[PDB]
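Worksheet: the structure to be examined is printed underneath.
Chain identifiers are assigned alphabetically (A, B, ...) following the order of the sequence lines, protein sequences preceding nucleic acid strands; residue numbering begins at 1 within each chain. When reading the values below, keep in mind they use all heavy atoms of this one structure, side chains included, and skip hydrogens, waters and symmetry mates.
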Amino acid sequence: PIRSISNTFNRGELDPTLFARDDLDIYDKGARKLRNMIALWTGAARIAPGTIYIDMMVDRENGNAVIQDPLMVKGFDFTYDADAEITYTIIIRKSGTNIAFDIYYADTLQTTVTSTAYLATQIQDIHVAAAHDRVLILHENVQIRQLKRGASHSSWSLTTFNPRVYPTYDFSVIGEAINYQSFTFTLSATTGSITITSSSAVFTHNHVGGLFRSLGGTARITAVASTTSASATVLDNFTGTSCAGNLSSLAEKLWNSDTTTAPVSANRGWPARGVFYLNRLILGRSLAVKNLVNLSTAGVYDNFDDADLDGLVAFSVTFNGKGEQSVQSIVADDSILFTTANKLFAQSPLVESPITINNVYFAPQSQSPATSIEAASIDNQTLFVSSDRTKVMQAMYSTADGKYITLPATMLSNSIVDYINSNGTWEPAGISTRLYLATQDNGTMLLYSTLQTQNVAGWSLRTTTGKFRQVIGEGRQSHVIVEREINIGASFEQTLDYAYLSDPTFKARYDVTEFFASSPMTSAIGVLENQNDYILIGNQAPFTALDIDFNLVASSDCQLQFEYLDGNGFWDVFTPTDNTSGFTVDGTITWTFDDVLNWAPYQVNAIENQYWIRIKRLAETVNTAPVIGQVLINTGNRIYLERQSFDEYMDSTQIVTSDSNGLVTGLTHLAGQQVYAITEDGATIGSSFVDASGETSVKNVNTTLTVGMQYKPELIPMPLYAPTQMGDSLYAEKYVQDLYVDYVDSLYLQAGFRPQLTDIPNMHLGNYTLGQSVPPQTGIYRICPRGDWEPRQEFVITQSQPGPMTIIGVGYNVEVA
Amino acid sequence: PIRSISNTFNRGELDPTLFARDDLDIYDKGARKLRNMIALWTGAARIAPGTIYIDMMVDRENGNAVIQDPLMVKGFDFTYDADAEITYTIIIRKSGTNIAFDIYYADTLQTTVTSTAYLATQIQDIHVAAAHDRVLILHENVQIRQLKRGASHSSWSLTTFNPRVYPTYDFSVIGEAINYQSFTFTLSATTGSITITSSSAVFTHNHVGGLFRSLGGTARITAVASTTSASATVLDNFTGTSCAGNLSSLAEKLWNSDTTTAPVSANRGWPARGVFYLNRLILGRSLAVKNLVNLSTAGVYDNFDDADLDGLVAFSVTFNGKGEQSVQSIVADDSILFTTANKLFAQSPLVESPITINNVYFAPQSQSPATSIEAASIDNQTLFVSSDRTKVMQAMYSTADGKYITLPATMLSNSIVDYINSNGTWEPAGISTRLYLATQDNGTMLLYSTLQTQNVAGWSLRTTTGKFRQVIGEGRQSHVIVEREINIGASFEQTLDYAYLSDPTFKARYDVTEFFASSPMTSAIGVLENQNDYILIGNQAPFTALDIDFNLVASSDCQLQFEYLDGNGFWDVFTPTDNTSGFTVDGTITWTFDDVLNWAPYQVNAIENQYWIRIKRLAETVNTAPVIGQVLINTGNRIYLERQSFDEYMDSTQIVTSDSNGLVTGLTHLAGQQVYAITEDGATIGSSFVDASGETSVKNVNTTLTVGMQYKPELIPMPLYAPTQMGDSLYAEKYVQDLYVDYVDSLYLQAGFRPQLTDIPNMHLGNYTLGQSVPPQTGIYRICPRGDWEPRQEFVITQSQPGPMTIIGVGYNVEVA
Amino acid sequence: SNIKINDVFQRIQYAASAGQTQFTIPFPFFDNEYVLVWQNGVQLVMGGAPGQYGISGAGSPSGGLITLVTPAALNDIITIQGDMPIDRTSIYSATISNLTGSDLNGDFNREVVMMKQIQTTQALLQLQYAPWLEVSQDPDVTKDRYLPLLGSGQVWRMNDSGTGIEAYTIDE
Amino acid sequence: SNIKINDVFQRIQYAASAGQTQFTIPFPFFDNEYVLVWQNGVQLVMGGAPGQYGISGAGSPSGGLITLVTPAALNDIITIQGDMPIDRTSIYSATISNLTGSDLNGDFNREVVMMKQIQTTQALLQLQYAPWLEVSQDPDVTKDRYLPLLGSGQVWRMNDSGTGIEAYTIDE
């Protein structure tokens, strides 16, 4: 009989291996697909926030050389005045062989600070430690720097961070220095300025500023004359002048990069991780001792004097378990958490522990390997990426277990998780969500909406016309670094994303993407072997030219026919300028955007959202079919900084104004792309192509518009679940008589069973005045999808053109056979 | 009354004694059999990871003498750089009468470090203590060594670990030294260098470096002139020069192997267990005092000076309960956990313990005997093998009970547990599982998938064409040491796994495996007594020759007929070259792989996965039937190192390239085996036999392929459970009308009720282009199994040839009579 | 049908031992009804009554068995032949459906067996000129190959012109 | 295996010229062992010794070539015939995920060649009634089609009743 069921989406996208788990309370709270949308902490699903174009990453000190390598860019945020809403987005970018800091505020480049202390190849290994009023720049091989803001937005200085007193360490304990256990140290006196002499070569120049302890006394070495003689100042008196090597302690400076001053020292490096915790500065993971952190003197952030062993003095913590415990991240949550290569170290928050030398109780909590991506703090929990970067781990203290518990936050959504390379947090104003964001190697971005106490944890996948390379933010705002293609006119750089050969019925698919992408001498493929054969080519972005090199030209004209695939799934013929003359000579094939006016992203055999063109051979007889060595297209890579915003519904948007003819200029960062225009009243008026010069024509003239690229939201609910008296009926034949779409503040919706969907109207005939924009609509729409009888049939909620969208639930009337 | 029921596999394979426990919520979450598969934490079952061949274990210092004793090999992992993904697999192997360390990286042998300090017979008793940058080699009778990596992969050094100051112990307290309670000690002076004189013989040479305490003073002994005289240096002043023996304390060095220097000392041995914990090195379970551990000086890992009794000094912990408490493992989870022979010792994680001499509160927690296999840390818990090796124990702190609670992790899967001899952990990238692995004496490997906060705990059994001997891994990767057989051509070493005599109807089974395996003078058996009698022989691996010794030859030719059993269960005649001439003379019977082309593993009378041959007597009249003394086959044992990988679906795989004729060479480690070939596109193209020279022919020519052995996954769900209103239908007659197999990313599946199964197709006629490999498929397939009406009937999900496989659930439509 | 078809004639003949009942079928077959059995030139029927036989081994590569109900007498001639009718054994949908290698194997194996049955009759039971003889290589020249129908008491005789074979009456 | 099979008889005969050594094979063949060569009614052996032959062109759609070691005398008769076995030893897996054009073409082509070899024998080397003769259209009527074995000095002759062909003894 007919059963009425409903589905909300507070658990996000569920892995396909969960689809038989009807015992879990998540079956009606999740989605098969949640793309370009987020889950609010209610049950609703909202379209993902759009982005606003800020700038293009260039090497400003070398004639604005465009940067096309994502490893040469790494950004971070720095909040300077929270109440005044002053947050700087600082971008570390390549500048020749060195680095530079581009400082942005209010979507504008304020100033640039160069630095020769770092190499362009070290950018991805540069970490920061943001204080209340300055940022420390940390690299394991470069001395700490301070980046501090002056008296204005454009006034910044980058100086060296110099400790008052350096921390010390005895490297012979880990076998990284000379073993002095059999030596004998002789002191000239027990007080004042003395000379320390060793029976064997021990001292190095790095021992200047180090400590010598024996017989209850301590001395600070001030000069090293040779490997067996040094001068020191007595801090605590010695009881004698003869010190056995095995009862003594000799320590050099923990941080140093000087390996040339005689006697030569080892490169001990500098800390690469840090955080400011209460009244101390914590620095750790140096080059030489990666499993050690140092806490500065209480109240003096730049002093690491550890001559004394009691009180508020500076001290060290060494992390050891079973194997490598190199510190990955120092988290200022609760009583400080240390994520390492293997184990998570923390002390119980229920312990009344002051952070001093002899009453810290850091212990190895759960086993949970972590990577170098900095941990995020949000929604009463700590999130960090695992060492293999295929999981996000959640750490919370469990009083019932007496320890911190780590579990995969991606446990229900493993299918959409690629390799993660950055993360951030965002708590947008006016939106019912707490967001954790993480970009991936494949170019997508993970979105995680969490409300832990209310059992809200929903993942979703964000895609764009390009590749996400980094996400930046600590909650107040969110920026992304995106790699996009632009039309570069008469020059050729990129290769086609997809290329197939097909038979006259256009059903066969022979993948030749690698042959077209490779150089002519690497690999080549013969094409158009028979009459009416096809070449199918697709690309993520539109292109207007091909450049073909033949390893073997066709013996006669192939009589080529060109078609493109439009938004209705219809192939339409167009006539390009064919300089290969039917694949008979090397050359280019070019066309204008007017030839491909209706071109739109579409799907061909499970490959979605590509711009497709097919080439058909019409010649009856050619003696020698051509062999293609390489095909290039007239697009090139660019790297952009963009700011995410919930007021935007398009990507890489820009505010423009059209003239009396509807012409719009200044869209160079969108050259060659298909863009939509949205009025200030909130009505999307149509799409058009930006040409290679950054100009496009819109329908509305003399109008201020927002122009950007569509990212298409898609929501596929979970499989129908209507248990009956007979049983779970998880595999029973089912038919959906009625589909209810429940929406709030939405426009341009369409829903149903593919391929024939139903558009949801948003205009009231009889109560609409021409020229006005109908506001985003709320209500319930009932649809007869006309689907099949399969138990795993799919229904789709999507959007025809960019706009607001919020789906609060989906209902069904199901005939359960 | 038709009922719809479903089954998931979150709890793994369940013991047959649980099959009446319908009250438990595990009846629909487990499997009757889960072989060569694992349980993902989503509830799906995935084919177990395959293995990649690395190397064969040989005595490289003795002309590559093949090692055939599993007790002569023991491996361990050592992570050197987690972020660079540098982990070394180090193999301790026999080298003459001594040992050697084989260091592997990137599936390649980097270098070999030999050592004469250890015997080949001591290998299994060698334990390691891995630090952040070096590994300590521990044996109860050999002084500690350090294995440290130099400046490259191939540069390694093995040196001796020498403490700055040795720990001390008074062995007379446990009755292992001379009792001095009635003696009198006289000091020459109370300060400086003194002489300590005893009224009776007490001193030994091991007292050099020991301590003497009395009258509030402490002196370190520096020389022992005789049993009654010693020289000492005063560390804390004495109040007098006459010390009563019962009020004094005399301690020798805790670690010592010198028993010859006068006066002769006892062999106190060296620690055999250790771990690096925070800033201290913990070493324990020495030869003489197995229930004691020593913690080094805080911050100085190699100093064990215990002259002082306060502060950050080195100190000791002694474990006593009711009986023997010898330390088995030192675990760096929470505050340190100590598994012993009887009781688990730990302190509450809720206690703020700084780990100092008088601030440790280790107490006897639950009674839980443990063996010498090192404990594993994974998924917020500690796992360790029990002392009798028949159980895996789980220890967690329960705040509600105020102590650590130990319970059998194998409580629901006791049937598949044999005697465990090693364990490891693995957290593979991209896979929804946290794995604990454990090999057993019978040659199988247990796989434990756990996510305890989500009530995921599933056991499964892994088998191979061979015998697992050890599993190595600490989470980042996993290696196995496997004993496999190879065809050795004209030589004979191994005996048949199974041998039976049968009657003309081939129904009788008379087991004679022991007689064939034993030497001719220990056991013999008469065979082929009557016309049309049989000899049935089977082996885990293929063989191509028999070598037969007769205690009594047949009087006349028996007219033998030979047959082999193929993959369809069909017996096919083949003609070998038998030099016994019908069992009339001692000799060999040989055949080629072409004679047995269709040979495949099969089941004969509940014995599964063997290569079977039967021999039938056709002669009508023989006066004296032959008596067989011993039968050998032309296979020999080898020991391999292999790396487990979830990208492999075969065992002992190797990447090869076929020539224009399909010939493949270089497969010597797989000589005589049956192997499958998988293309780079992921299509299994068939099976073939590798001959004794390591060559085989494949179908695809000029192709790069992966070649390995099949391990067959088998999944048998729990008995049908469809409770009606009449009550539980646990014993009612049931018939399965429909069987639903729900799968993700799978190929080559088959399912149903034995013996006639149904193959699940993975090719779409009308939407397939010839030459392409169909990707792994996702969907639901409905099957009518045509089973019986028994309440406990078995349905099988299995795979016809190697490939990806993931079963997310099984559904039924059951007629419950 | 995941078996291999060997190159074996689809006909076997035996001279029976005294009291023999079991006779081996060395060639593959797929259905019991498609195996013909003669005893001294009289076709037998499957069953359990005296004078009938039982058969096993369908679908197997070889090694089928014929079991006579009544034991054969010495030197009885037993003939076993395969007689599968020619027809399609599969049907494929025009719309997108599933395909397995078992489907293809069943079709090709059964078609190979059908061809072998035709070739077994040609090789063992029919007349042919020796392959090396100088027959006309144009089949339209029917001098040596076309036969006339024989009337009562007539033989096949090449005519005196050497142009064709004609029916020729023969007397004493 | 990605070749066409043309409509060509699987047997060719030549009258050698003086000293001719190369003879064309006009029909496809897949293996050298599946071709039989006769010279004046004596079957030759493949090899390099005198009195033998070498063969090339296996797998080619247009046949190959036979090269005699010893040049042939004038008007020597050279006969070449295709003799592939009728079996199937390479089969597909139960659930194939990759089916190559060569494998699928090979199975169809090899059965076409087998049938062509059967048809070549029955068109060029065997006897048959003319297709238009009034033979009984019921195959169970064996009056004109079943032959008896011939004893010494016997011919096939329709009996006086006109009901079947019987062996008839002729002397002189």
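- Here B:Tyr740 pairs with A:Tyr731 under the ring-ring contact (aromatic ring centres under 6.0 Å, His included) rule; sequence neighbours left out.
- Under the salt bridge (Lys or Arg N to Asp or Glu O under 4.0 Å) criterion, B:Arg220 pairs with B:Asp305, not counting sequence neighbours.
- In plain terms, the two heavy atoms of B:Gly299 and A:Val173 that are nearest each other are O-CG1, 3.5 Å.
- For B:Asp83 and A:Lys290, the salt-bridge test fails: no basic side-chain N is under 4.0 Å from an acidic carboxylate O.
- Of the possible donor and acceptor atoms, one in the side chain of A:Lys343 sits under 3.5 Å from a partner among the backbone N and O of B:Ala332.
- Using a 4.5 Å cut-off between heavy atoms, B:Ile807 does not touch chain A at all.
- Between chain A and the residues B:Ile378, B:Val744, B:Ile2, B:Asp302, the most heavy-atom pairs under 4.5 angstrom are made by B:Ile2.
- Taking every heavy atom of both residues into account, B:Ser4 and A:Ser729 meet most closely at CB-N, 4.0 Å.
- The choice from B:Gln454, B:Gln146, B:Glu85 that makes the most heavy-atom pairs within less than 4.5 Å of chain A is B:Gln454.
- Only the side chain of A:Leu247 comes within contact range of chain B, with heavy atoms under 4.5 Å apart.
- In this structure, A:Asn414 contributes its side chain and B:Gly430 its backbone to a donor-acceptor pair below 3.5 Å.
- Salt-bridge check for A:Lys322 with B:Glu374: passed, with a basic side-chain N closer than 4.0 Å to an acidic carboxylate O.
- In terms of heavy atoms, B:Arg134 sits closest to A:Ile174 at NH1-CA, 3.9 Å.
- Both the backbone and the side chain of A:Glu324 come within less than 4.5 Å of a heavy atom of chain B.
- Comment: A:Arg21 does not engage B:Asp28 in a salt bridge, judged by the lack of any side-chain N to carboxylate O separation of less than 4.0 angstrom.
- Using a 4.5 Å cut-off between heavy atoms, A:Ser248 touches chain B through its backbone atoms (N, CA, C, O) alone.
- Between B:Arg476 and A:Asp388 there is no salt bridge, since no side-chain N of the basic residue sits under 4.0 Å from a carboxylate O of the acidic one.
- Between A:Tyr361 and B:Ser335, every side-chain heavy-atom pair lies at or beyond the 4.5 Å cut-off.
- Distance CG/A:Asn246 to OH/B:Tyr166: 11.5 Å, rounded to 0.5 Å.
- With a 4.5 Å cut-off on non-hydrogen atoms, A:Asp23 touches chain B through its side chain but not through its backbone.
- If you tally non-hydrogen atom pairs under 4.5 Å between each of B:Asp133, B:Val275, B:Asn7, B:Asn303 and chain A, the highest count goes to B:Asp133.
- Residues B:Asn380 and A:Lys403 share a closest heavy-atom pair of O-NZ, 2.9 Å.
- Residue contact with chain B, scored on non-hydrogen atoms closer than 4.5 Å, involves the backbone and the side chain of A:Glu352 alike.
- Residue with the most contacts toward chain A among B:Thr79, B:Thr8, B:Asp334, B:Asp77: B:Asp334 (heavy-atom pairs, distance under 4.5 Å).
- The backbone N or O of A:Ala508 sits nowhere less than 3.5 Å from a side-chain atom of B:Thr769 that would complete a donor-acceptor pair.
- Looking at B:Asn813, there are no atoms closer than 4.5 Å to chain A (heavy atoms on both sides), in backbone or side chain.
- No donor-acceptor distance shorter than 3.5 angstrom exists from the side chain of A:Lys391 to the backbone of B:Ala429, with no hydrogens or angles considered.
- With a 4.5 Å cut-off on non-hydrogen atoms, A:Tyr404 touches chain B through its backbone but not through its side chain.
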Given B:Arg280 and A:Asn320, is the side-chain hydrogen bond (donor to acceptor under 3.5 Å, both in side chains) satisfied, shown in steps? CA-CA 8 Å; B:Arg280 294 182 188 257; A:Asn320 267 308; over 6 Å; no
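- For a residue to count as touching a neighbouring chain, one of its non-hydrogen atoms must lie under 4.5 Å from one of that chain's; by this rule A:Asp170 touches chain B with the side chain only.
- The CD1 atom of B:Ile780 sits 10.0 Å away from atom CZ of A:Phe19, with the distance rounded to the nearest 0.5 Å.
- Comment: B:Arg3 does not engage A:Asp728 in a salt bridge, judged by the lack of any side-chain N to carboxylate O separation of less than 4.0 angstrom.
- For a residue to count as touching a neighbouring chain, one of its non-hydrogen atoms must lie under 4.5 Å from one of that chain's; by this rule A:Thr17 touches chain B with backbone and side chain alike.
- Interface remark: A:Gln347 contributes no atoms to any contact with chain B (heavy atom separation under 4.5 Å).
- Using a 4.5 Å cut-off between heavy atoms, A:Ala400 contacts chain B through its backbone alone, with no side-chain atom that close.
- Other residues, nucleotides and ligands contribute at most 12 non-hydrogen atoms within 6.0 Å of the CD atom of A:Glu514.
- Contact count versus chain A (heavy atoms, under 4.5 Å) is highest, among B:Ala44, B:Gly809, B:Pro354, for B:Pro354.
- Heavy-atom distances place the backbone of A:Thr399, and not its side chain, under 4.5 Å from chain B.
- Between chain A and the options B:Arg434, B:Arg782, B:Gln452, B:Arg46, heavy-atom pairs under 4.5 Å are most frequent for B:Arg434.
- Proximity to chain B (any heavy atom under 4.5 Å) is shown, for A:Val417, by neither the backbone nor the side chain.
- No part of A:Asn359 comes within reach of chain B, as not one of its non-hydrogen atoms sits under 4.5 angstrom from that chain.
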